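Heads up, the thing below is written out as structure tokens.
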Amino acid sequence: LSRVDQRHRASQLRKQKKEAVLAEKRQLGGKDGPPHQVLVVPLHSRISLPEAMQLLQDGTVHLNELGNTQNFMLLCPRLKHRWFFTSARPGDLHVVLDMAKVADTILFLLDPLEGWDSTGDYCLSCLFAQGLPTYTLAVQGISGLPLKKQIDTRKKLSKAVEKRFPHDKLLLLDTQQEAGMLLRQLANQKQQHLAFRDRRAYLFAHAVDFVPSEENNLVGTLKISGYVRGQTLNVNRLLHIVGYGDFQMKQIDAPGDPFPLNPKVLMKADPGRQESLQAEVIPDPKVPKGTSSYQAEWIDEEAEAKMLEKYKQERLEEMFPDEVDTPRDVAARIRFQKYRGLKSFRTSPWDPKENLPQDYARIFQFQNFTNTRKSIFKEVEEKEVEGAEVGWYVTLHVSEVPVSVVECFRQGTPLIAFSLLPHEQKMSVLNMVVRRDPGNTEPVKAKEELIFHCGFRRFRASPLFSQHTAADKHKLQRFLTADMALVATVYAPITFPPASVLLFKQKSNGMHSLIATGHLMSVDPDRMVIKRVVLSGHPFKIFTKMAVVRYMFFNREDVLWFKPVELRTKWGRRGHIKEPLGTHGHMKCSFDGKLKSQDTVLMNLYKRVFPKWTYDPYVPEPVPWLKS
Amino acid sequence: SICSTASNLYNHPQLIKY
Amino acid sequence: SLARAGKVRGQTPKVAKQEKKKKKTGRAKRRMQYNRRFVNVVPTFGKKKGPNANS
Amino acid sequence: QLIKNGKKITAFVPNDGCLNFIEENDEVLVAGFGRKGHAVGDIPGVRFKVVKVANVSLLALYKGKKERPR
RNA sequence: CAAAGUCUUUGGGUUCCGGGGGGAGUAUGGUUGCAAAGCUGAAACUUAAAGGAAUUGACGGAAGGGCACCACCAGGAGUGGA
RNA sequence: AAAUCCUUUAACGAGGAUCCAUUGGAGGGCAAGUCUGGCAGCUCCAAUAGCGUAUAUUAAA
Numbered sequence: 048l049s050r051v052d053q054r055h056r057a058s059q060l061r062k063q064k065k066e067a068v069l070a071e072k073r074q075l076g077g078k079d080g081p082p083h084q085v086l087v088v089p090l091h092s093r094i095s096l097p098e099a100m101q102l103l104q105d109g110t111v112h113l114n115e116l117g118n119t120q121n122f123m124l125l126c127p128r129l130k131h132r133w134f135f136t137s138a139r140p141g142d143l144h145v146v147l148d149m150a151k152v153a154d155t156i157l158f159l160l161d162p163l164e165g166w167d168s169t170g171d172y173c174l175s176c177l178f179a180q181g182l183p184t185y186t187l188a189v190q191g192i193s194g195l196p197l198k199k200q201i202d203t204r205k206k207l208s209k210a211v212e213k214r215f216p217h218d219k220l221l222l223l224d225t226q227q228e229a230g231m232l233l234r235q236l237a238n239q240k241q242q243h244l245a246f247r248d249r250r251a252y253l254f255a256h257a258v259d260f261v262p263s264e265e266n267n268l269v270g271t272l273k274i275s276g277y278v279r280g281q282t283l284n285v286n287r288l289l290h291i292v293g294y295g296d297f298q299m300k301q302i303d304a305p306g307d308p309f310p311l312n313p342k343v344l345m346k347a348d349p350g351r352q353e354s355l356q357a358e359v360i361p362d363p392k393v394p395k396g397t398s399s400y401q402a403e404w405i464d465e466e467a468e469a470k471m472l473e474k475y476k477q478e479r480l481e482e483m484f485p486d487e488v489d490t491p492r493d494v495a496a497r498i499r500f501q502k503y504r505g506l507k508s509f510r511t512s513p514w515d516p517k518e519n520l521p522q523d524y525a526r527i528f529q530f531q532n533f534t535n536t537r538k539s540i541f542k543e544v545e546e547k548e549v550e551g552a553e554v555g556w557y558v559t560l561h562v563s564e565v566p567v568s569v570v571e572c573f574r575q576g577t578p579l580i581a582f583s584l585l586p587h588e589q590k591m592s593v594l595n596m597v598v599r600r601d602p603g604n605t606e607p608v609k610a611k612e613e614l615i616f617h618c619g620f621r622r623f624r625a626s627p628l629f630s631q632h633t634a635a636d637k638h639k640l641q642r643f644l645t646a647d648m649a650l651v652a653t654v655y656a657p658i659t660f661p662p663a664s665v666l667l668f669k670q671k672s673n674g675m676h677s678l679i680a681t682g683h684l685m686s687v688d689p690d691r692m693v694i695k696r697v698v699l700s701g702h703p704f705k706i707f708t709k710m711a712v713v714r715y716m717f718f719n720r721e722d723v724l725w726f727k728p729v730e731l732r733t734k735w736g737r738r739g740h741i742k743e744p745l746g747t748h749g750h751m752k753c754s755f756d757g758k759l760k761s762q763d764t765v766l767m768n769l770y771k772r773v774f775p776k777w778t779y780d781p782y783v784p785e786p787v788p789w790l791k792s
Numbered sequence: 352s353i354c355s356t357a358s359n360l361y362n363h364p365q366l367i368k369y
Numbered sequence: 005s006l007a008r009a010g011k012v013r014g015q016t017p018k019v020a021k022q023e024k025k026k027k028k029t030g031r032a033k034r035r036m037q038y039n040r041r042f043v044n045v046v047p048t049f050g051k052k053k054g055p056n057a058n059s
Numbered sequence: 073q074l075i076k077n078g079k080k081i082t083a084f085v086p087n088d089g090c091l092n093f094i095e096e097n098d099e100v101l102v103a104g105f106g107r108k109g110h111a112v113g114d115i116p117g118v119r120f121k122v123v124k125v126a127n128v129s130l131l132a133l134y135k136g137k138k139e140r141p142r
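Protein chains in written order, with the deposited numbering: chain u, 48 to 105, 109 to 313, 342 to 363, 392 to 405, 464 to 792; chain t, 352 to 369; chain e, 5 to 59; chain X, 73 to 142.
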């Protein structure tokens, strides 16, 4: 407690934090980092990115290319730094979302006369929702105008971008010295540590070779040679490629770096005893002929029609909460067979181990999720496994890929490869909290077949949408509500949070249009969804606290079937039913308040609901996106 | 036989007990 | 004990906005607020109907 | 937890349902409440009304005028 | 209240000492004492009141009266039994 | 210095869905709703091209 000793404490704290920062900066880019990787996204159409990249290219270049795309290595010892540029087109939703989830600094190129473009807006909302590693804006046509329109064009840019990107300066690119300034900029930049990527180990694919087992098998050894950017990739673990499912690999080896900072041997084998294997599901499989019983007891455009009927049902289930018109011919206790009423929706119990389908025999339920996650992340952090470290230019010989993967890479599509943590390939019940972007106003029903990006995956699925409360019973939603945040639920592979939740929908022929976006809640089948049904009525005889209501049933013993379930009333009154009277649907009901003639007596019925089993892993190849 | 039934607890998923 | 999260926000009937015209903004609002009070005033015996006299 | 000293802190989120906006391990500009360190009238031992969640505010997220990077 | 007065019309000299209520006269330190303890003396946190004078109406598990066989006594008829 | 802005000026540039004004509030302090629906609309208030919130500090003290 003095002038000197507390300044000394300030000195110790500065030493601690600067040591932490110089620990985390040198190990990303350079003589330990793999390279520093920059992805390039223009937005408009007027950007001639060959002119951009040829201003940007120069140091020493090392020019790779692909069939269509053209990524390359860049090296300068002057800054002692490795860049790896990779160019992309917006709208190419598959390619951009597959290699900006493993990119490490995103460079947005912009036209001078306006900000985003609509295809770029689409990709921009996608990249916002799956996590920006680091953005850095740029423009190209500013030198072509003298000072007047130059300054005013920059002001129009900073006004047209600060409604989306609230604070950033526009580093212009006209000269190759502007490229030098841009590279000096992108060397020293605070990397937002994306929390999903660091908890695993992921390779990019710099080169792909293929050796088939037999060529008619169309299965064979894949050869991914690239760097390692995550944790220490262990060899007993599995591997996933983001476009073509998950599959277990055979050989890791470390050939030399083809491109150093300045100018067949393997370290590990498989052994299958410890190597976890591909068990995607549970691997275990004198009355008279005349008289009655009475005296005997004394003894193209159909799609638009479907759309307009969906808008009708969103009106009839959004003007109204969950109103259901009553059946008339079938006995109304049979069609509502497995329904039971709760007195209070929050409080009254409901056994979570009661009515499990034949498909709940094919899931892995965690007992304690949070501590198992802490144990797995604790083994990730403070341990060292026997596999190769970060930065190691390694090749993986993967045993069991098909050939069309190799052909899609020879097109120019990027492959990635991230390993799995223990219990990440098995299927269970996934719960995603999610909201709706105001880009699409299309109705999205309950069991719509959609496409998910839940944490570096790509799969068609069929959810059930829910209220998002931290209680036991959660209500089923019957449409995607345009402004609340809901919970979708799907049979799917299990994935440890955090993870971004993209959802898009086929408009027509591969036009994946974005609808929903969010993050990954607790994954467990115990969260049971409760589907509600409101049965309506009308109080056509009104006495003091007792009323006769019709149009809610049509038999008599239906009321004898739904007898203990309490009514409720839009004016707040909480009564419950007495005897029925009619042979048609009619009943007397006790109440607490007096009943208005402008009333709608209505009861509630509940069941447990659960999603359908669709985990078709393949996703159809998207087309370039355009405006509606 | 009106608003109640059996529905006992039988067959669950693979619980990875922490 | 985290009980619930956002129960009253998304469960209102989400009534959107109607259509009106603009206010006069700047000086003409002061001309209106002067003339609405001190020119076409009604002589009032107790002054109980306020500026938002809503039943 | 804060950054700049290592103190751990309970802080408050103002509006309804806005706890859904925040996920664990996210940069939060914690701001204090107004009675200079005393608690609010209703809440025991809670000092600080959080404003910003990852360089946008809660008053935009509560009105939906912006979107949240992560 | 003959001072608890001469005090916003605020200055006769002069010592100690109080700044919401708790935490608390606790800590901890110094000091005295054989000891118990005495003197001096915090803070973290918590709470919107704690308090001081005076001032009024319902319930009485408070008391007195007064009435009634839709109360009792003395009794009748009973009902309640089939 | 050479310019830009400012000033002077030719030409185009105004019907209200435009060339559109927000930020806070409407139980009291404290200005303004016992309006309508389950926080929103409508109306109104103070300021107004500025207004909130946090913190230091001063007056009220």
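Cβ atoms here follow ideal geometry from the backbone N, Cα and C, with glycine treated the same way.
Item, Value
"Can you tell me whether residue 154 of chain u is buried or exposed? The criterion is at least 16 other CB atoms within 10 Å of its CB, across all chains shown.", "buried"
"For the segment 262 to 277 of chain u against the segment 549 to 569 of chain u, are there 3 or more C-beta pairs whose distance is under 8 angstroms?", "yes"
"How many whole angstroms separate the CB atoms of residue 405 of chain u and residue 526 of chain u, which I take to be in contact at a CB cut-off of 8 angstroms?", "No, residue 405 of chain u and residue 526 of chain u are not in contact; Cβ-Cβ is about 55 angstroms, not under 8 angstroms."
"In the segment 737 to 761 of chain u, which residues sit with their C-beta less than 9 angstroms from some C-beta in chain t, listed in chain order?", "none"
"If you count every other CB in all the chains shown that lies within 10 Å of the CB of residue 551 of chain u, and 16 or more means buried, which is it?", "buried"
"So is residue 10 of chain u in contact with chain t if we call contact Cβ pairs under 7 angstroms?", "What the structure shows of chain u is the stretch from 48 to 792, and residue 10 of chain u is not part of that stretch, so it cannot be assessed."
"Please compile the residues from chain t whose C-beta is within a distance smaller than 9 angstroms of the C-beta of residue 525 of chain u.", "362, 363 and 364"
"If the cut is a Cβ gap below 8 angstroms, which residues of chain e does residue 635 of chain u touch?", "7 and 8"
"Is there a C-beta anywhere in chain u that falls below 7 angstroms from the one on residue 352 of chain t?", "no"
"Whole angstroms is fine: what's the gap from residue 305 of chain u's alpha carbon to residue 606 of chain u's?", "51 angstroms"
"Please list, in chain order, the chain X residues whose beta carbon lies closer than 9 angstroms to that of residue 143 of chain u.", "Correct list: empty, because the minimum Cβ distance to chain X is about 18 angstroms."
"On the criterion of 16 or more Cβ atoms from any shown chain inside 10 Å, does residue 767 of chain u qualify as buried, or is it exposed?", "buried"
"Within the present structure, is the beta-carbon of residue 653 of chain u separated from the nearest heavy atom of the ligand NAP by less than 6 angstroms?", "The model on display carries no ligand, and the ligand NAP is accordingly not part of it."
"Shorter than 7 angstroms from the beta carbon of residue 114 of chain X to some beta carbon of chain e?", "no"
"Residue 81 of chain u: buried (16+ other C-beta within 10 angstroms of its C-beta) or exposed?", "buried"
"When the Cα of residue 135 of chain u is compared with those of u/494, u/233, u/93 and u/204, which residue comes out closest?", "u/233"
"Residue range of the beta strand (DSSP E) that residue 299 of chain u falls in?", "299 to 303"
"Is there a C-beta anywhere in chain X that falls below 7 angstroms from the one on residue 182 of chain u?", "yes"
"Using CA coordinates, which residue listed in u/480, u/309, u/486 and u/183 is at the minimum distance from residue 113 of chain u?", "u/309"
"For residue 299 of chain u, count neighbouring Cβ atoms within 10 angstroms of its own Cβ and tell me buried if that reaches 16, exposed if not.", "buried"
"Confirm, please, whether the CB-CB distance from residue 757 of chain u to residue 732 of chain u is below 7 angstroms.", "no"
"Quick one: residues in its chain with C-beta nearer than 8 angstroms to the C-beta of residue 220 of chain u, no 5 flanking neighbours on either side, listed in chain order?", "160, 187, 188, 189, 204, 207, 208 and 211"
"Does the pairing of the segment 532 to 540 of chain u with the segment 280 to 297 of chain u give three or more beta-carbon distances under 8 angstroms?", "no"
"Please go through the same chain and pick out, in chain order, the residues whose beta-carbon is closer than 6 angstroms to the beta-carbon of residue 549 of chain u, but skip the five residues on each side of it.", "282 and 284"
"Less than 7 angstroms separating the beta-carbons of residue 789 of chain u and residue 169 of chain u?", "yes"
"Short check: CB of residue 666 of chain u to CB of residue 679 of chain u, under 7 angstroms?", "no"
"Specify whether the segment 640 to 658 of chain u and the segment 762 to 777 of chain u touch according to this definition: at least 3 beta carbon pairs, one from each stretch, less than 8 angstroms apart.", "yes"
"Residue 296 of chain u and residue 589 of chain u: beta carbons closer than 7 angstroms?", "yes"
"Take residue 584 of chain u as the anchor and find which of u/524, u/660, u/484 and u/531 has the nearest alpha-carbon.", "u/660"
"Please state whether DSSP places residue 618 of chain u in a helix, a strand or coil.", "coil"
"Check residue 71 of chain u in the structure and name its three-state DSSP category.", "helix"
"Report the neighbours of residue 504 of chain u on chain t: residues whose CB is nearer than 7 angstroms to its CB, in chain order.", "354"
"Give every residue of the same chain whose Cβ lies closer than 8 angstroms to the Cβ of residue 710 of chain u, excluding the five residues on either side of it in the sequence, and list them in chain order.", "742, 752, 753, 754 and 755"
"Quick check on residue 14 of chain e - is its C-beta less than 7 angstroms from some C-beta in chain u?", "yes"
"Starting from the beta carbon of residue 141 of chain X, find every residue of chain u whose beta carbon is closer than 8 angstroms, and list them in chain order.", "178, 181 and 182"
"Go to residue 641 of chain u, then tell me how far its beta strand (DSSP E) extends in each direction, as first and last residue.", "638 to 641"
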